[PDB]
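Chemist: Right, I'll just put the structure down here and ask away after.
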Amino acid sequence: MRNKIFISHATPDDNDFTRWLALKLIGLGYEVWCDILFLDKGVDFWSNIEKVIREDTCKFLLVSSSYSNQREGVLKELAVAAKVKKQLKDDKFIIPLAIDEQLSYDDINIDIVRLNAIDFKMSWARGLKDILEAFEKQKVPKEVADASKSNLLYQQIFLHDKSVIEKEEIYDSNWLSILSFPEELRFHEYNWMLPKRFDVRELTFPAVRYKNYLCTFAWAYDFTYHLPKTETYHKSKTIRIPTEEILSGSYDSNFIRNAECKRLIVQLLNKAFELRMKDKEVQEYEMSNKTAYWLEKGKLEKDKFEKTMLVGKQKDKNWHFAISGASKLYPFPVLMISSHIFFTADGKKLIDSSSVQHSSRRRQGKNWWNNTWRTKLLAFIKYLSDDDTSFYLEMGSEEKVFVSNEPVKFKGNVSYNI
Amino acid sequence: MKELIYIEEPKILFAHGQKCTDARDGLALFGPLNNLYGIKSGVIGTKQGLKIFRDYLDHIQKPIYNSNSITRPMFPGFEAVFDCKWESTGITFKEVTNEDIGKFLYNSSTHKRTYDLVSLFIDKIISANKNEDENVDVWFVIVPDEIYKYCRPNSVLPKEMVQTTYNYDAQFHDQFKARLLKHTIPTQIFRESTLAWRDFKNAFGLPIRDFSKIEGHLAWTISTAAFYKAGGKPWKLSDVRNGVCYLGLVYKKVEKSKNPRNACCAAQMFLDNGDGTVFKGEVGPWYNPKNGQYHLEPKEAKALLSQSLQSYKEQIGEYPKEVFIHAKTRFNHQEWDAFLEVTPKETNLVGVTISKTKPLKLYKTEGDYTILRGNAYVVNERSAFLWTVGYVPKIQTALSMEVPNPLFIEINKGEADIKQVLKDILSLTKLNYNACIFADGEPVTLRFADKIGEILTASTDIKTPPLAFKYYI
Amino acid sequence: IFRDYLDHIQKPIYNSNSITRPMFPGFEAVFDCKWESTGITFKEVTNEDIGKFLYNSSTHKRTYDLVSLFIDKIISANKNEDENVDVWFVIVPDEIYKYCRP
RNA sequence: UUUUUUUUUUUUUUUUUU
DNA sequence: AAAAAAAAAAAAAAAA
């Protein structure tokens, strides 16, 4: 018994209308056959359609558009549909559906000119209502309406080519792991030895004042040059602590509480980082809160480290990749790095208009996808390195902080493909 | 080499009990849940702007297409998706003469001119609501571009066109939606550029806001907002457990009164007897002194949580068995002790903080594409990172443009299992009714609470504001 | 009773003598508008609550309380519920009409 | 403000030490 | 008047 509804259309142009109408009709309980519905193709399909139009099709719906009007496959399907119409002696068999505003009723195909067409040009809902009323009137075979059929067909056919798949993927973060710290954090009682109205940011090694204790990983007499009075200090006055205990969280006392003892390691490593960036002779832009470190035009061979460009041109603006670093110790002892792009007029002097810099940064980052961010970040941090595996922050005459040159890696069990 | 868990993508419910991962595709095939017979629309504005509204309504009557259907689904037409009538015939039109708008706009005082422009529209809207037999569901407020350029804070009127209240913000939208709160009139503001933009062009000649490829999604984001504002339920959640109220606090700054006073506002989402979700505001705005405190004093915290529990008791009968109080800021013990007292024994209070500040940015080894959305790095049973912004295959692209930034989700207070906390926030990022997008970059409670706070801090004379979002978004 | 009466309303309604008063052919026939029992936003008034106010000796106080009970729910539905309602049908029992008048 | 996203500007507070 | 560690208000562009 014929109970299938055939929807002929121009395959590569009328995907949207055919898809919507088919997914509506199947949910309504009407059997629908179409080429886009069936997933996979073979040589047999050209034969298959024919037998359907001759053996199972009870109604034939022709999508009428400027594309499908003169499409050879559509024309062949129309011919076989007209001839099976003749053989069935049923005149209300082919039901054209006009969906194009630019295809007037005076330019339709010859097989369709004399056939009334359901108007979809204005409202698709009105056309679908007309289709339902006509199919009900002509007593077309129908099953109970069930939208779950439409949902299942959507899942097996269309969200089907783009689905969750399980396969391991490894990701590269922006966190540089800290391999080791100096053994003991030193609290030296300079007191009157260090002038109170003095600034510790100019000190040779990083050091922060807390009460009358200078806190640093540096040795007692490393600050002799900037502080000539410190030659007569006594090393038994230090409050050296096993920093690894601080990282574990074991150490806490009235002298210092571990939460405010972790901050004295975060400012310390931040000053170490900025000092190291000064050592590498990379220039800086002042941000609203932080500071960014970018490189000149010409310091790198052809303005690129490794094979990847870091300083480039854009009309009259020289753009430079820059990083901002900050030591964080809550998840792990790590240094977080963020990426930025800053523009200059001549490659050396920063453009003073913040709005222009922001707009040009947006213009440049318009086309910077994952392999433009990760690659430049990794190239910059490798240029920052001292060896092939890690670098060190200068913490004293003999104390260093060892930080890996490769970002922290995680392991994902689910990924995808283009 | 640290483990990274993946949470299944949430599914939202549509008509006939059918579930679909996408909102656009599910809506375009199954339609909304409730039968809203028709949208009686009222419009305010000039004659030049009314033609554009009529043209756009006629456009969205017919189907529209995007550049690529896979990345952005096609729009089958308003009545096609929403099975509800919304035509250009039957719109109640109210006039705003160009002389009236130019008389007030060209004023030196930004506060005074914005107050006058809001007053001009609001007087006519209230007069039409009160003194006309026509019933209009939503009042589409067409505003020109000159009002857009010269009626917001920090807007400098050029010296050549300056021809000639301070308790209200210079923001047209915030003040506008604030002063209509007493009358409970659902409204939506439209730029003339958001309308048929092809008229507005730059010096190069291409439209300033060229939306050639994004016409379909523009229609999706306008149609869904119009349907929600008329009293529709486009979609809901399905995996949310019974007895789980959420509640979301956010703090906004108030400039008019001395001391910013840090108004705190909340939006409450939970279940109803049956199967329908209820996502309203829980608005008792509790102002907090101190310049930058953002921690709420015990009396106001008690009042807030008591009101939140009562709005659940009155609609279900008994108190929630487990709530997830989300917030943008960390919880001090002072608030939590106050919260604990109000709640009974059976309730399990949970205080969660969600933030984007810390720069964790996962880069995959190869490929011009970002991490999957749903990837989570669990730091510990109390803290985790969830990539609610990222790639999803269904929309063919990542929701972000550059590499995305995840959400640091930590359980400051209560106990809560981190997996379930990560399971509800990702689902909570699906109920964005102001826009029809596959997913939202942040949970909607922290977003719609932000919106209602941005509206409630514009008028200092507000009193007992409505709890429905349609008056706010 | 309201639901039953509306269900009656969509169907045609007949009086004794159509010559005197034309027959009612149905809401959707003459007003060609959709007015169906589906979509009625319902707010309940329990019998106990309406009985507490009703049995009062003072006419004015009972009237004010009865009006407050309805108007509070109406305002709450108008301002704190997503549904939009064109009209608010207020079905009041007959004992109130008997005993809430001057 | 149809949106959303990613940034760029400020500003500000708390904890602590002088 | 500094610091780090957390906060929000506003404008600009661009793609969804």
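Ordering of the structure tokens sets the chain letters (A, B, ...); residue numbers start at 1 within each chain; ligands are numbered from 1 in the order shown.
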At a cut-off of 9 Å, using only C-alpha atoms (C1' of nucleotides), what residues contact range 91-97 of chain A? Leave out same-chain residues fewer than 6 positions from it and give the result as a list in words.
Modeler: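 Near neighbours after the sequence-gap exclusion: residues 58, 59, 60, 61, 62, 63, 64, 65, 78, 81, 82, 84, 85, 112, 115, 116, 117, 118, 119, 120, 127, 131 and 138 of chain A.
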Chemist: With only C-alpha atoms (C1' of nucleotides) as the counted atoms, please give the residues lying no more than 9 Å from range 9-15 of chain E, apart from itself and same-chain residues fewer than 4 positions off, as an MDAnalysis selection string.
Modeler: (chainID A and resid 355 358:359 362:363 366) or (chainID B and resid 153:154 253 401) or (chainID D and resid 4:5 8:9 11)
Chemist: Please produce an output containing N, CA and C atoms (P, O5', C5', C4', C3', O3' and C1' of nucleotides) for each residue in the selection, written as a PDB file, in the first residue's frame.
Modeler:
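Written output follows (out_20.pdb):
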```pdb
ATOM      1  N   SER A 355      42.651  54.606  23.567  1.00  0.00           N
ATOM      2  CA  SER A 355      41.542  54.155  22.730  1.00  0.00           C
ATOM      3  C   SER A 355      42.045  53.590  21.408  1.00  0.00           C
ATOM      4  N   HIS A 358      43.572  50.183  22.041  1.00  0.00           N
ATOM      5  CA  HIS A 358      42.549  49.158  22.227  1.00  0.00           C
ATOM      6  C   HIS A 358      41.913  48.764  20.898  1.00  0.00           C
ATOM      7  N   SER A 359      41.558  49.755  20.078  1.00  0.00           N
ATOM      8  CA  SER A 359      40.918  49.460  18.800  1.00  0.00           C
ATOM      9  C   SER A 359      41.847  48.671  17.886  1.00  0.00           C
ATOM     10  N   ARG A 362      42.132  45.114  19.042  1.00  0.00           N
ATOM     11  CA  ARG A 362      40.978  44.336  18.600  1.00  0.00           C
ATOM     12  C   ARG A 362      41.101  43.976  17.124  1.00  0.00           C
ATOM     13  N   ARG A 363      41.538  44.935  16.305  1.00  0.00           N
ATOM     14  CA  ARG A 363      41.703  44.680  14.877  1.00  0.00           C
ATOM     15  C   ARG A 363      42.710  43.561  14.631  1.00  0.00           C
ATOM     16  N   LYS A 366      41.432  40.092  15.884  1.00  0.00           N
ATOM     17  CA  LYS A 366      40.331  39.586  15.075  1.00  0.00           C
ATOM     18  C   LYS A 366      40.658  38.236  14.446  1.00  0.00           C
TER      19      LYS A 366
ATOM     20  N   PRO B 153      25.721  58.236  30.151  1.00  0.00           N
ATOM     21  CA  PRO B 153      26.817  58.853  30.910  1.00  0.00           C
ATOM     22  C   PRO B 153      28.035  59.109  30.034  1.00  0.00           C
ATOM     23  N   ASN B 154      28.805  60.152  30.347  1.00  0.00           N
ATOM     24  CA  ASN B 154      30.039  60.487  29.631  1.00  0.00           C
ATOM     25  C   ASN B 154      29.786  60.802  28.159  1.00  0.00           C
ATOM     26  N   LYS B 253      26.583  49.357  42.409  1.00  0.00           N
ATOM     27  CA  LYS B 253      26.888  50.632  43.037  1.00  0.00           C
ATOM     28  C   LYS B 253      25.809  51.665  42.727  1.00  0.00           C
ATOM     29  N   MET B 401      35.711  34.102  20.978  1.00  0.00           N
ATOM     30  CA  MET B 401      36.357  34.464  19.725  1.00  0.00           C
ATOM     31  C   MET B 401      37.814  34.042  19.804  1.00  0.00           C
TER      32      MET B 401
ATOM     33  P     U D   4      23.332  39.553  26.181  1.00  0.00           P
ATOM     34  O5'   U D   4      24.661  38.740  25.864  1.00  0.00           O
ATOM     35  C5'   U D   4      24.610  37.339  25.660  1.00  0.00           C
ATOM     36  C4'   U D   4      25.735  36.857  24.782  1.00  0.00           C
ATOM     37  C3'   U D   4      27.140  37.057  25.310  1.00  0.00           C
ATOM     38  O3'   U D   4      27.514  36.124  26.305  1.00  0.00           O
ATOM     39  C1'   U D   4      27.067  37.700  23.051  1.00  0.00           C
ATOM     40  P     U D   5      28.574  36.556  27.432  1.00  0.00           P
ATOM     41  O5'   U D   5      29.979  36.487  26.687  1.00  0.00           O
ATOM     42  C5'   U D   5      30.393  35.305  26.020  1.00  0.00           C
ATOM     43  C4'   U D   5      31.508  35.583  25.044  1.00  0.00           C
ATOM     44  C3'   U D   5      32.748  36.241  25.621  1.00  0.00           C
ATOM     45  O3'   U D   5      33.601  35.321  26.276  1.00  0.00           O
ATOM     46  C1'   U D   5      32.137  37.329  23.613  1.00  0.00           C
ATOM     47  P     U D   8      43.849  43.668  28.500  1.00  0.00           P
ATOM     48  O5'   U D   8      43.640  45.226  28.244  1.00  0.00           O
ATOM     49  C5'   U D   8      44.054  45.822  27.025  1.00  0.00           C
ATOM     50  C4'   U D   8      43.303  47.099  26.749  1.00  0.00           C
ATOM     51  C3'   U D   8      43.499  48.223  27.754  1.00  0.00           C
ATOM     52  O3'   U D   8      44.701  48.941  27.529  1.00  0.00           O
ATOM     53  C1'   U D   8      41.193  47.964  27.293  1.00  0.00           C
ATOM     54  P     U D   9      45.068  50.252  28.384  1.00  0.00           P
ATOM     55  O5'   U D   9      44.296  50.068  29.765  1.00  0.00           O
ATOM     56  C5'   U D   9      44.300  51.097  30.744  1.00  0.00           C
ATOM     57  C4'   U D   9      43.161  52.058  30.524  1.00  0.00           C
ATOM     58  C3'   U D   9      42.802  52.962  31.691  1.00  0.00           C
ATOM     59  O3'   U D   9      43.642  54.099  31.781  1.00  0.00           O
ATOM     60  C1'   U D   9      40.837  51.983  30.824  1.00  0.00           C
ATOM     61  P     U D  11      42.859  56.263  39.002  1.00  0.00           P
ATOM     62  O5'   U D  11      41.636  55.920  39.960  1.00  0.00           O
ATOM     63  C5'   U D  11      40.473  56.732  39.964  1.00  0.00           C
ATOM     64  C4'   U D  11      39.277  55.984  40.498  1.00  0.00           C
ATOM     65  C3'   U D  11      39.413  55.424  41.901  1.00  0.00           C
ATOM     66  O3'   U D  11      39.226  56.395  42.913  1.00  0.00           O
ATOM     67  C1'   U D  11      38.499  53.775  40.489  1.00  0.00           C
TER      68        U D  11
END
```
Chemist: To one decimal place in Å, what is the distance between CA of residue 230 in chain B and CA of residue 448 in chain B?
Modeler: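 Rounded to one decimal, the two atoms are 17.8 Å apart.
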Chemist: Using backbone DSSP assignments, extract all strand (DSSP E) residues from range 59-103 of chain A; output them as number ranges by chain.
Modeler: A: 59-64, 94-98
Chemist: Find the residues of chain B in contact range of chain A, meaning any atom within 6 Å when counting only C-alpha atoms, and list them as a ChimeraX atom specification.
Modeler: /B:1-4,62,80,361-365,368-369,393-394,402
Chemist: Please produce a file of the residues just selected, as a PDB file, in the first residue's frame, where the atoms kept are N, CA, C and O atoms.
Modeler:
```pdb
ATOM      1  N   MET B   1      50.253  16.643  33.605  1.00  0.00           N
ATOM      2  CA  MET B   1      49.315  15.581  33.259  1.00  0.00           C
ATOM      3  C   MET B   1      48.260  15.401  34.341  1.00  0.00           C
ATOM      4  O   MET B   1      48.242  14.388  35.040  1.00  0.00           O
ATOM      5  N   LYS B   2      47.376  16.386  34.472  1.00  0.00           N
ATOM      6  CA  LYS B   2      46.321  16.369  35.474  1.00  0.00           C
ATOM      7  C   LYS B   2      44.996  15.978  34.836  1.00  0.00           C
ATOM      8  O   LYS B   2      44.691  16.388  33.712  1.00  0.00           O
ATOM      9  N   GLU B   3      44.216  15.183  35.563  1.00  0.00           N
ATOM     10  CA  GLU B   3      42.927  14.721  35.072  1.00  0.00           C
ATOM     11  C   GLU B   3      41.980  15.895  34.865  1.00  0.00           C
ATOM     12  O   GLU B   3      41.998  16.870  35.621  1.00  0.00           O
ATOM     13  N   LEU B   4      41.149  15.794  33.829  1.00  0.00           N
ATOM     14  CA  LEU B   4      40.187  16.832  33.482  1.00  0.00           C
ATOM     15  C   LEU B   4      38.879  16.165  33.087  1.00  0.00           C
ATOM     16  O   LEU B   4      38.816  15.478  32.062  1.00  0.00           O
ATOM     17  N   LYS B  62       8.266  36.471   7.179  1.00  0.00           N
ATOM     18  CA  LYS B  62       8.838  35.545   6.212  1.00  0.00           C
ATOM     19  C   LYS B  62      10.113  34.931   6.763  1.00  0.00           C
ATOM     20  O   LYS B  62      10.784  35.505   7.620  1.00  0.00           O
ATOM     21  N   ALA B  80       5.909  30.390  12.339  1.00  0.00           N
ATOM     22  CA  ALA B  80       6.396  29.036  12.113  1.00  0.00           C
ATOM     23  C   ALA B  80       6.979  28.440  13.387  1.00  0.00           C
ATOM     24  O   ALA B  80       6.689  27.291  13.733  1.00  0.00           O
ATOM     25  N   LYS B 361      44.036  29.505  30.938  1.00  0.00           N
ATOM     26  CA  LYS B 361      43.668  29.514  29.521  1.00  0.00           C
ATOM     27  C   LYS B 361      44.264  28.271  28.867  1.00  0.00           C
ATOM     28  O   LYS B 361      45.459  28.235  28.563  1.00  0.00           O
ATOM     29  N   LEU B 362      43.426  27.260  28.650  1.00  0.00           N
ATOM     30  CA  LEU B 362      43.880  25.978  28.121  1.00  0.00           C
ATOM     31  C   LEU B 362      44.005  26.062  26.607  1.00  0.00           C
ATOM     32  O   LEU B 362      43.042  26.401  25.910  1.00  0.00           O
ATOM     33  N   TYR B 363      45.194  25.762  26.100  1.00  0.00           N
ATOM     34  CA  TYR B 363      45.474  25.765  24.672  1.00  0.00           C
ATOM     35  C   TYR B 363      45.748  24.335  24.234  1.00  0.00           C
ATOM     36  O   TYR B 363      46.639  23.679  24.783  1.00  0.00           O
ATOM     37  N   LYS B 364      44.994  23.849  23.255  1.00  0.00           N
ATOM     38  CA  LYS B 364      45.266  22.514  22.747  1.00  0.00           C
ATOM     39  C   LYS B 364      46.511  22.529  21.868  1.00  0.00           C
ATOM     40  O   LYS B 364      46.892  23.561  21.308  1.00  0.00           O
ATOM     41  N   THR B 365      47.150  21.363  21.758  1.00  0.00           N
ATOM     42  CA  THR B 365      48.485  21.294  21.171  1.00  0.00           C
ATOM     43  C   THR B 365      48.482  21.720  19.707  1.00  0.00           C
ATOM     44  O   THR B 365      49.381  22.440  19.259  1.00  0.00           O
ATOM     45  N   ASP B 368      43.383  25.273  15.013  1.00  0.00           N
ATOM     46  CA  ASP B 368      42.873  26.629  15.169  1.00  0.00           C
ATOM     47  C   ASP B 368      41.491  26.606  15.806  1.00  0.00           C
ATOM     48  O   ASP B 368      40.541  27.196  15.283  1.00  0.00           O
ATOM     49  N   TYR B 369      41.377  25.921  16.940  1.00  0.00           N
ATOM     50  CA  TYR B 369      40.117  25.770  17.647  1.00  0.00           C
ATOM     51  C   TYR B 369      40.411  25.526  19.119  1.00  0.00           C
ATOM     52  O   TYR B 369      41.471  25.012  19.485  1.00  0.00           O
ATOM     53  N   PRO B 393      30.495  21.269  19.274  1.00  0.00           N
ATOM     54  CA  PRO B 393      30.413  20.907  17.849  1.00  0.00           C
ATOM     55  C   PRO B 393      29.104  21.300  17.185  1.00  0.00           C
ATOM     56  O   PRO B 393      29.097  21.570  15.979  1.00  0.00           O
ATOM     57  N   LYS B 394      28.001  21.347  17.938  1.00  0.00           N
ATOM     58  CA  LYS B 394      26.692  21.574  17.333  1.00  0.00           C
ATOM     59  C   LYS B 394      26.629  22.921  16.625  1.00  0.00           C
ATOM     60  O   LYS B 394      26.058  23.030  15.535  1.00  0.00           O
ATOM     61  N   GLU B 402      38.483  34.474  20.866  1.00  0.00           N
ATOM     62  CA  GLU B 402      39.823  34.014  21.190  1.00  0.00           C
ATOM     63  C   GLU B 402      39.704  32.764  22.056  1.00  0.00           C
ATOM     64  O   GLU B 402      38.639  32.148  22.154  1.00  0.00           O
TER      65      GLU B 402
END
```
Chemist: Using only C-alpha atoms (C1' of nucleotides), which protein or nucleic acid residues come within 7 Å of range 77-89 of chain C? Drop anything in the same chain fewer than 3 positions from it, and give the result as a list in words.
Modeler: residues 184, 230, 231, 232, 466, 467, 468 and 470 of chain B; 73 and 74 of chain C
Chemist: Identify every residue of chain E that has at least one atom within 8 Å of any atom of chain B, counting only C-alpha atoms (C1' of nucleotides), and report the result as a VMD selection string.
Modeler: chain E and resid 7 to 8 15 to 16
Chemist: Using only C-alpha atoms, which of the listed residues (B:226, B:247, B:411, B:206) sits closest to residue 308 in chain B?
Modeler: B:247
Chemist: Give me the residues near range 238-246 of chain A as a ChimeraX atom specification, where near means some atom within 9 Å (using only C-alpha atoms (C1' of nucleotides)) and where sequence neighbours in that chain fewer than 6 positions away do not count.
Modeler: /A:181-189,213,220,252,258,261-262
Chemist: Give me a file of those residues, with N, CA and C atoms, as a PDB file, in the first residue's frame.
Modeler:
```pdb
ATOM      1  N   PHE A 181      62.203  26.165  45.366  1.00  0.00           N
ATOM      2  CA  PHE A 181      62.381  27.429  46.057  1.00  0.00           C
ATOM      3  C   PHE A 181      63.668  27.393  46.867  1.00  0.00           C
ATOM      4  N   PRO A 182      64.190  28.552  47.268  1.00  0.00           N
ATOM      5  CA  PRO A 182      65.275  28.561  48.252  1.00  0.00           C
ATOM      6  C   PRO A 182      64.829  27.913  49.555  1.00  0.00           C
ATOM      7  N   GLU A 183      65.797  27.302  50.242  1.00  0.00           N
ATOM      8  CA  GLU A 183      65.480  26.468  51.397  1.00  0.00           C
ATOM      9  C   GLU A 183      64.824  27.253  52.528  1.00  0.00           C
ATOM     10  N   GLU A 184      65.331  28.443  52.845  1.00  0.00           N
ATOM     11  CA  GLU A 184      64.877  29.160  54.029  1.00  0.00           C
ATOM     12  C   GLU A 184      64.545  30.605  53.696  1.00  0.00           C
ATOM     13  N   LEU A 185      63.383  31.052  54.165  1.00  0.00           N
ATOM     14  CA  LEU A 185      62.992  32.451  54.082  1.00  0.00           C
ATOM     15  C   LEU A 185      63.586  33.207  55.260  1.00  0.00           C
ATOM     16  N   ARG A 186      64.292  34.292  54.965  1.00  0.00           N
ATOM     17  CA  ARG A 186      65.079  35.008  55.956  1.00  0.00           C
ATOM     18  C   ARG A 186      64.374  36.291  56.375  1.00  0.00           C
ATOM     19  N   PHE A 187      64.292  36.492  57.691  1.00  0.00           N
ATOM     20  CA  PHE A 187      63.704  37.674  58.324  1.00  0.00           C
ATOM     21  C   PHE A 187      64.817  38.363  59.106  1.00  0.00           C
ATOM     22  N   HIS A 188      65.397  39.405  58.518  1.00  0.00           N
ATOM     23  CA  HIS A 188      66.525  40.081  59.150  1.00  0.00           C
ATOM     24  C   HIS A 188      66.056  41.334  59.879  1.00  0.00           C
ATOM     25  N   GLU A 189      66.470  41.489  61.137  1.00  0.00           N
ATOM     26  CA  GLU A 189      66.118  42.673  61.920  1.00  0.00           C
ATOM     27  C   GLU A 189      67.105  43.811  61.651  1.00  0.00           C
ATOM     28  N   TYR A 213      61.330  43.588  60.329  1.00  0.00           N
ATOM     29  CA  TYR A 213      61.976  42.449  59.690  1.00  0.00           C
ATOM     30  C   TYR A 213      61.952  42.648  58.181  1.00  0.00           C
ATOM     31  N   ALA A 220      72.229  37.553  54.087  1.00  0.00           N
ATOM     32  CA  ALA A 220      72.120  38.662  55.031  1.00  0.00           C
ATOM     33  C   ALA A 220      72.747  39.941  54.492  1.00  0.00           C
ATOM     34  N   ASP A 252      52.897  28.151  61.343  1.00  0.00           N
ATOM     35  CA  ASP A 252      52.085  29.303  61.711  1.00  0.00           C
ATOM     36  C   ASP A 252      52.393  29.657  63.158  1.00  0.00           C
ATOM     37  N   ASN A 258      50.281  31.985  58.232  1.00  0.00           N
ATOM     38  CA  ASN A 258      50.712  31.415  56.960  1.00  0.00           C
ATOM     39  C   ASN A 258      50.073  32.122  55.767  1.00  0.00           C
ATOM     40  N   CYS A 261      51.927  34.912  55.304  1.00  0.00           N
ATOM     41  CA  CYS A 261      53.272  34.457  54.988  1.00  0.00           C
ATOM     42  C   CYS A 261      53.376  33.975  53.548  1.00  0.00           C
ATOM     43  N   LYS A 262      52.262  33.540  52.953  1.00  0.00           N
ATOM     44  CA  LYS A 262      52.211  33.236  51.533  1.00  0.00           C
ATOM     45  C   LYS A 262      52.257  34.478  50.660  1.00  0.00           C
TER      46      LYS A 262
END
```
Chemist: Nearest to residue 13 in chain D: which of B:280, B:176, B:381, B:291 is it, counting only C-alpha atoms (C1' of nucleotides)?
Modeler: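 Ranking B:280, B:176, B:381, B:291 by distance to residue 13 in chain D, first place goes to B:291.
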